[PDB]
Every structure is written in C-alpha cells, then in structure tokens.
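For reference, the structure is listed below as structure tokens.
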Amino acid sequence: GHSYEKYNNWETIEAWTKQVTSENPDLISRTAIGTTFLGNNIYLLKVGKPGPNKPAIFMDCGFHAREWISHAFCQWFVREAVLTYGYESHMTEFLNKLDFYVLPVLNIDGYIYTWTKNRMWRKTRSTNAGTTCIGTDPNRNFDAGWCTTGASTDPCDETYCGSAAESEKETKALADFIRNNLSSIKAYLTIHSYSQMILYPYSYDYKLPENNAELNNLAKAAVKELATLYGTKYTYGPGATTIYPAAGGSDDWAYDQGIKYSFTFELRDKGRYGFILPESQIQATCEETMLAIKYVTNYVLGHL
Ligand SMILES: CC(C)[C@H](NC(=O)OCc1ccccc1)P(=O)(O)C[C@H](C(=O)O)c1cccc(CN)c1
Ligand SMILES: [Zn+2]
C-alpha cells in the first residue's frame, strides 16, 4: 500500500523500510536505533555504497507529527538515491564517497496519532507527571540553550521543552547515535514544514556561528538551486531572526557538537494549506528539495 506520491501511515512506512532495504541491499542497510515511548521502532537507513571508514551526512524527518510532507521527503530521497545510482553522475559520486543516514520518522508515536485521532498533533505522546497533558516538543528537547527561549516549561503547551534535555526516548536515541558517530558525520539536515525556509544556527541565542559567512552563502546557493525547478522561493538565514527564536533545537545542538554544516528545512507551503499540504504537491515539493539537498551534499563533499 506504499506510494511515494501519497502520505503513508506508519504501518506502511515501516513495511517500506523493510522492503526498500530488501530490494536494495547493496545500497541500503537498516537498523533500529531505539524505541519510542509507545514501543515503535526508530528505524535508520544507511544509504550509500558500502565501504571502509566513509564520511556521512545525517538527515532526519518527522520530528513534528503533523508535518506530513517531511516524512514524504525522506521516503522520496531514498528512492531517488537507489534508482539513480550508477546513472546520474552526481548521486553516484555521493553514494560512492559518503553515506546518508536517513531517519525516516523520528516522532512515530505522534505521527500515528495524526492518523488515528488528531491531524494537528505536534509533540511526542509521552505522559507527564502530575498532569493529564501529553507530549514534549522534540525540537525544544535538545541540549542547546535548553528551555531558555521559545520553549515552554508547561506540559500542556505545544512548545513544551520537557522535564530535561533529552528527556524523550526519541531525542535521546537520535543524540546518542550522532554522538557515537561524530567522527564521520559531516553535516546535519532536519526536515520540517511549512514556511519555505532554509535555517541554520543559532536558534537558542542571537549569537552567530563561527562559520556564519559560509553557511549564509551555502544556504543562499541552495535556495537559488531549489528555485530553478518550479520557481518556489525560499528565504534563509539564522533561526532566531529568520523565523523566530526557539531553544533546544536539534540543528543548534548538532552544530555545537562540531557538525559545521547544520540546517533546518521548512518545506512548502507558506500557509495556503499549511501542514495539510495536498498530496498533489508531494512530487514537486520533494523534487525541488532534492536539488537543495544534493547541492549541499556536493558542497560538503568538496569540503572534507
Ligand atoms: C510552521 C513551522 C514554522 C513550524 N512551527 C510550528 O508548527 O509552530 C507551532 C507554534 C510554535 C510556537 C507558538 C505557537 C505555535 P516548525 O517546523 O515546527 C518550526 C521549528 C519549530 O518550531 O520547532 C523551528 C523554528 C525556529 C528555528 C528552528 C531551528 N532549530 C526550528
Ligand atoms: Zn516542525
């Protein structure tokens, strides 16, 4: 029941992670890096031609449950990789020289909830002591100016930062994996919607990253590249100023770990449909986004 041009439920995405790996063992290995609060398997796909001591790029989707185009993009990316390897010169070099760690859905519990109960759910689905309110905002749950700004300490709010950094099994699983592979991971890319933006640090503080100049130049060329296909216009810049301040973000944390190329993508649209992006825009959205991801990849690669 899987389709790359429709939104798939978790049942179908899970089966797909198994099948796509089955059908492409020379390009994809699949592992689980942990379990969600409700016991779902946090899958990670290692996409690339296997080899000794390869550098890597890390990309996750599905941080926020209602952001369905995000989940769709990771799936799309994986097909693009496997189908074009060996035919398209750029992707062939990419997969030859590096690995993509693709985490298709981080917040699986919430994603299932958007399908079963409330399409507009954002957070995780963990319980909170002393309240009936459910969930933590995973992108306020990382150790980066944790809960200092743009975060709520109230479990009942949508930006709840949690009881403590990495209090969520999912955010902990992700941070553990990156932490264990810091030597090989060269860039971090986290996929969200909507707003049509490429964001880079900082989000938890108005301070600029050390390599701010090249990050701006990089984000700039990527949004230019993205636009060549359908004319879709992104804005870009530091998180704090480009959209709004929000501490505890995974990209800020990734950066401060030493990953110099760290980005948050906000996909289509700009509010017409918002989180409820029609399935009819899935193809065009992923297509133009592919170009920005490959532009970044090409840049990071030539900068090892
Ligand atoms: C529509 C988008 C802009 C989404 N925002 C959203 O749904 O906000 C809900 C909200 C937030 C504060 C108050 C009220 C509602 P988003 O991808 O999720 C934005 C995302 C987030 O909030 O975690 C974000 C914002 C600023 C900087 C970063 C980089 N670390 C990431
Ligand atoms: Zn989001």
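Just remember, in the structure tokens the first chain shown is A, the second B, etc., residues are 1-based per chain, and ligands are 1-based in the order shown.
By chain and then residue number, the residues within 8 Å of residue 99 of chain A are residues 46, 47, 48, 49, 54, 55, 56 and 57 of chain A, counting only C-alpha atoms and disregarding those fewer than 6 positions away in sequence.
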Could the residues that lie within 6 Å of ligand 2, counting only C-alpha atoms and all ligand atoms, be listed as a PDB file with N, CA, C and O atoms, in the first residue's frame?
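Result file out.pdb:
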ATOM      1  N   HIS A  64       8.140  16.533  13.905  1.00  0.00           N
ATOM      2  CA  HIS A  64       6.826  17.002  14.320  1.00  0.00           C
ATOM      3  C   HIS A  64       5.729  16.263  13.555  1.00  0.00           C
ATOM      4  O   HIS A  64       5.767  16.176  12.333  1.00  0.00           O
ATOM      5  N   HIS A 192      11.478  19.863   8.152  1.00  0.00           N
ATOM      6  CA  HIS A 192      10.208  20.319   8.731  1.00  0.00           C
ATOM      7  C   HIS A 192       9.326  20.965   7.666  1.00  0.00           C
ATOM      8  O   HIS A 192       9.732  21.120   6.519  1.00  0.00           O
ATOM      9  N   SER A 193       8.115  21.343   8.061  1.00  0.00           N
ATOM     10  CA  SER A 193       7.257  22.205   7.254  1.00  0.00           C
ATOM     11  C   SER A 193       6.390  22.997   8.231  1.00  0.00           C
ATOM     12  O   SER A 193       6.264  22.602   9.385  1.00  0.00           O
TER      13      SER A 193
END
Residues within 9 Å of ligand 1, counting only C-alpha atoms and all ligand atoms, as a ChimeraX atom specification: /A:63-64,66-67,122,137-140,150-151,157-159,190-197,199-204,238-253,263-267,270-271,274-275
Taking the chain letters and numbering used in this document, name the residues of segment 188-234 of chain A that DSSP puts in strand (DSSP E), as a list in words. residues 188, 189, 190, 191, 192, 193, 197, 198, 199 and 200 of chain A
If we count only C-alpha atoms and set the cut-off at 9 Å, which residues sit around residue 182 of chain A, ignoring sequence neighbours fewer than 3 positions away in its own chain? Please answer as a compact mmCIF listing (two decimals) with N, CA, C and O atoms, in the first residue's frame.
# COMPACT_ATOMS: atom_id res chain seq x y z
N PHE A 177 23.04 8.44 18.81
CA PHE A 177 23.58 7.93 17.56
C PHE A 177 24.55 8.91 16.93
O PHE A 177 25.62 8.53 16.46
N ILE A 178 24.18 10.19 16.92
CA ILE A 178 25.06 11.22 16.38
C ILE A 178 26.32 11.29 17.23
O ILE A 178 27.44 11.34 16.71
N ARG A 179 26.13 11.26 18.55
CA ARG A 179 27.24 11.31 19.48
C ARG A 179 28.23 10.19 19.21
O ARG A 179 29.44 10.39 19.30
N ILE A 185 30.14 11.94 10.72
CA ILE A 185 29.06 12.83 10.30
C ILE A 185 29.57 14.24 10.01
O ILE A 185 30.14 14.90 10.88
N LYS A 186 29.36 14.69 8.78
CA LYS A 186 29.92 15.94 8.29
C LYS A 186 28.87 17.06 8.19
O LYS A 186 29.22 18.24 8.19
N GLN A 257 27.93 20.47 18.47
CA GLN A 257 28.64 19.21 18.60
C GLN A 257 29.89 19.19 17.71
O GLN A 257 30.76 18.34 17.88
N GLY A 258 29.97 20.13 16.78
CA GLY A 258 31.11 20.18 15.88
C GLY A 258 30.73 19.93 14.43
O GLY A 258 31.58 19.99 13.54
N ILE A 259 29.46 19.65 14.19
CA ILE A 259 28.96 19.47 12.83
C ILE A 259 28.70 20.84 12.20
O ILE A 259 27.68 21.47 12.45
Taking the backbone alone, and naming residues the way the document does, which bits of segment 123-303 of chain A are helix (DSSP H, G or I) by DSSP, as a PyMOL selection string? chain A and resi 138-140+169-179+212-230+239-242+250-256+279-301
At a cut-off of 12 Å, using only C-alpha atoms, what residues contact residue 100 of chain A? Leave out same-chain residues fewer than 2 positions from it and give the result as JSON, numbers by chain. {"A": [27, 28, 29, 30, 44, 45, 46, 47, 48, 49, 50, 54, 55, 56, 57, 58, 59, 60, 74, 77, 78, 81, 82, 91, 94, 95, 96, 97, 98, 102, 103, 104, 184, 185, 186, 187, 188, 189, 293, 294, 297, 301]}
Residue nearest residue 85 of chain A among A:26, A:154, A:279, A:176 (counting only C-alpha atoms):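 For residue 85 of chain A, the nearest of the candidates is A:26.
When the distance limit is 7 Å and only C-alpha atoms are what count, the residues near residue 2 of chain A, minus those fewer than 6 positions from it on the same chain, are residues 8, 12 and 16 of chain A.
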Would you mind telling me which residue in A:229, A:164, A:42, A:276 lies nearest to residue 288 of chain A when using only C-alpha atoms?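 Result for the nearest residue to residue 288 of chain A: A:229.
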Expressed in Å to a single decimal, how great is the separation between atom CA of residue 110 of chain A and atom CA of residue 171 of chain A? 13.3 Å
